[PDB]
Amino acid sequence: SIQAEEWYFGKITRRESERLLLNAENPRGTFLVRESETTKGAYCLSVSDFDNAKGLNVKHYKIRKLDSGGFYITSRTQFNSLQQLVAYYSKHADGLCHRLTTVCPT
């Protein structure tokens, strides 16, 4: 159950996710998964980043869940569960701003 996942922040807003991620103590890849504010049944993976151009910043990726069962950010790379998707992106940056590292502090 994703509700049981410590990285699943459920119903928190985009602004709140940014308030939490925009902490100078957060290394690149600090993340959380929350419900999308506007797309029923989709989620957002909010991730912190840092570079010398933008400084500390946050990116949000839409995670889709099909009624067919799969979870994905890009349809070409799907997962059997949100947990597997999180595990995969913690090892591969692929198209993300950074690989997922640690769960965002509350």
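Throughout, rigid core stands for the largest set of C-alpha atoms superposing within 1.5 Å between the two forms. In this text, residue numbers run from 1 along the sequence as written.
Engineer: For a rigid core alignment of each structure in 7 other deposited structures of this protein onto the shown form, which stretch has the higher root mean square Cα deviation: 17 to 25 or 90 to 98?
Structural biologist: Looking at 17 to 25 versus 90 to 98 in 7 other deposited structures of this protein, the farther one turns out to be 17 to 25.
Engineer: With reference to the PDB entry, specify whether the mean Cα temperature factor is higher for 59 to 67 or for 30 to 38.
Structural biologist: According to the entry, 59 to 67 carries the higher average C-alpha B-factor.
Engineer: Comparing 95 to 103 with 3 to 11, where is the mean C-alpha B-factor higher?
Structural biologist: The stretch with the larger mean CA B-factor is 3 to 11.
Engineer: Which of these has the highest Cα B-factor in the record: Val47, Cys44, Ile73, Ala53?
Structural biologist: Max CA B-factor in the entry, restricted to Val47, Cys44, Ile73, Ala53: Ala53.
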